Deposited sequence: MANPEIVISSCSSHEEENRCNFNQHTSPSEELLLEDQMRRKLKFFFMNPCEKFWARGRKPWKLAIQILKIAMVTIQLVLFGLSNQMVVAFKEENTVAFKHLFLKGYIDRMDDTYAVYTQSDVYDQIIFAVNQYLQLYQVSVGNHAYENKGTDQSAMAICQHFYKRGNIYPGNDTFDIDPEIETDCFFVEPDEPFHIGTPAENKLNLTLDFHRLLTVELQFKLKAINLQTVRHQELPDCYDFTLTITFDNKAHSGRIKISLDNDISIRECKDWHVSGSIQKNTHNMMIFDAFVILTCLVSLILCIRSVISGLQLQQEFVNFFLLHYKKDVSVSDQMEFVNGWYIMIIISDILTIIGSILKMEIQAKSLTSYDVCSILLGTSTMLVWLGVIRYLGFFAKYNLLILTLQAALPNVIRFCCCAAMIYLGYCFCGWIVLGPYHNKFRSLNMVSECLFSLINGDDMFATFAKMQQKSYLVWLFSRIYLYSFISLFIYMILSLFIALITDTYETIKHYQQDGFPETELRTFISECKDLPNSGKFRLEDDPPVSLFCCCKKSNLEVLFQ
């Protein structure tokens, strides 16, 4: 009698939502609003990423240009950080950067101009440095001394050194050439949503840190977006317009509703759970069951909770940046990215309503724990090889310098990548270390490819075999499916 009521409640909880409408006619609003969330957050990421793509492309093209203009002897990809080994070359390159700053209106191409105005030279060298290696002696004050100078851009008189730059090269940490420029992007006039002007704050670093007769040279531009006061097109006045704000607000609306409903379904599942527990204990003195208790919990909803939280936070920060017109898009990108990932996994929630898809996702879920355990063991062997190869082959190989590069290399070697370059880039300056490199790599690659990938394949193959055998000959006993039957 009442047992029948419990069977009705439970089966109503275990039936698919599409099955909860063919039988009892409950309108599936939850599926609809989730689908809305999926397409919504997707479109959000797409538009936001296209905008970022245009802005970043503008920035990258610009900084490449500034490198080819201000840095002498720059080559595409010299790690984007070439070095100089001679005093006269340091002087020639500083002079090159300055003279190319003062002729920027005559030599360059783009829409570049000045802050409207100074070019900041900045020496950074030790307060007291007296180094005598020929006598095996030195006296240092690690506290830092600074010097500076400003060239007004309207001074074409000086352009046989002219400016008063003089160096020591015994006490020196870095020279910095700091200045600022302004430009405009013209692909963005077609889209009012983007600010048009852009501020560039450039610094050229001549780094003599890590004294080795090798001065690193780098350029870095830290930028600032700005909204123009006004801008015309064919006589028509125009200012920047915002409509993405309302879109993001509607994202927060949708994800908030989904959050509320999902929490309601979780709490309902827990109340129904304890109801089952207390009812089952009371009626027949039997209730030491834990797996069924988990079966009432549904991790997918939890995935949607984490997803909704991350979408809301990322959207608030997004609105903040589009309002203040900042250019630092790093946290929102990650929150929204992870969110989307979890959302599409939600669609994999919306493929398990088929028994064959159900077979496959259940195979994956059932396999995951044993795979993680075995990844612990193989991770232990992996760590062993990582320390060993790091300490032994660090000095004699381009890789293996840092433990991270080690892990990257060994991982790639498990997955076939870049073997002959590893065998070949080794130095034969020491023969014993070279032999050990060989035993290390043959033993490693053989052990992890020929024995262990094989065992992963054995695991997933075995789980597929079992759950196939369950969809043939029935699941194992649970005492809940018995009660439903």
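By the record, the deposited chain contains unmodelled runs at 1-32, 149-153, 197-200, 527-561, with no C-alpha atoms placed there.
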